[PDB]
Structures are given as structure tokens and as C-alpha cells.
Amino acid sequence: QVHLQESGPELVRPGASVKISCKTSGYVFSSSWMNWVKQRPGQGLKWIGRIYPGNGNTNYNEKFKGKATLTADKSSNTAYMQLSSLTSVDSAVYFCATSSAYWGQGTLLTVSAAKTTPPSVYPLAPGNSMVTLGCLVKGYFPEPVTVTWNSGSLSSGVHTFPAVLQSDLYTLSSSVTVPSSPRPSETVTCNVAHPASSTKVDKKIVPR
């Protein structure tokens, strides 16, 4: 089964360059083009370019000529994209996709001078049958952050809201509706991970 696995999100300072990876499995790597796309919230998808692993042949959208450098490594069946001379207009989601249209999950790139800030996670216990609980994921930077409930266990009834940006920091909350029988009786947690700062925090929701 065809799979394209991109490397995780990145935070980079202006002026550096970054190299994103796209690891493929399930089809002969070099017998098909690998394309790259840029989706910047607001705008729509823009095509950066493509490479043919077999020989390294590349076709670039004139607008990314210089910004982006495409390479492939048959030995590991992995395509790379180097973006250089980075500035904030390069901040966006990047995708790798084949001509035969299979896509990577997308890589989130944030170009900024601000420093990494791990989030401060706070439980939200209420002050009926089912009961709603939440987690406040506060003052972190940059995006993204992954919020889970009971390590992916709690699934239906979850609402993780879009972060809001303020004073150079992001904040979101996630809510979860479970039953009177589970909480408080059992341990209930929200698992929050923030890659840029190498931090993972679980938080048990205990009655006030």
C-alpha cells in the first residue's frame, strides 16, 4: 500500500534553510515523479516543482526557482525539499505528492525570530448523565500542537479548537464529553504534545 511520510513540523529562524523529507513505501520510488506543493492559509495550493528519482531530473515553477531545491535518494526511497534564504512569506504547509496522486500528510513550517515556547496545560473540571471536561493549552509557540485524550483512547465527543494567536503566543482548548460513571471515578487525561519544544504533557482532570 502506497504511503508518503513527511517529517514533522519545523520552526526556523529567518535566513536559514530547511530540508523537508518525504519517505515513500509501497511502489517503485524512481519510476514516478515526486512533486511538492505549498499551501499558505489564505492563498490556495501553489505548485513548487517535481523531480524524477531515477535520474534527478527536475522541473521548477519559475516562482520557486532558487528558493527550493529538490533532491531524491533512491537508496532510501526518500525525496527531499530544501527551502532556503527563509523569511515569513515561506511560512506554510508543504506537501509531497506523486504524479499518480498519492499525498504526504503535509509539513508545517514556521519561519520566525520568536523563540520556542512550550505550552502550559491546565485541566478544566466543572464547577447529569454525560459530563464535559476540557484542557486549556496555553501560551505556546509555534504551531502545531497535538491534543489527545487518554492516549488516543477517548475519541468520539472531542472538540479541539483552532488556536488563537496573541502577543506572539498561541492558545487553544479541547473539550471532551464522557460519562458520569467514568469521571471522576476513573483517571481521565488529555495528552498534549508540542514538537518545536520537545515536550509532551498529560493532564488528569481531577474534581475541584
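Quick note: we count residues from 1 along the sequence shown, nothing fancier.
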* Structure fact -> Looking at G127 and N128, the deposited sequence has unmodelled residues in between totalling 4 to 9
* Higher-scoring stretch by recorded Cα B factor average, 103 to 111 or 74 to 82 -> 74 to 82
* Check the entry's C-alpha temperature factors for 22 to 30 and 147 to 155, then say which stretch has the higher mean. => 147 to 155
* **Highest-ranked of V178, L169, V37, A163 once sorted by CA temperature factor in the record** => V178
* Name the one of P53, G139, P142, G42 with the greatest CA B-factor according to the PDB entry. => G42
* To do: Can you work out whether the C-alpha temperature factor of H194 puts it in the lowest, middle or highest third of the chain?
  => middle
* Ranked C-alpha temperature factor of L133 among modelled chain residues, by third -> middle
* Relative to the other modelled residues in the chain, which third contains the C-alpha temperature factor of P182: lowest, middle or highest? -> highest
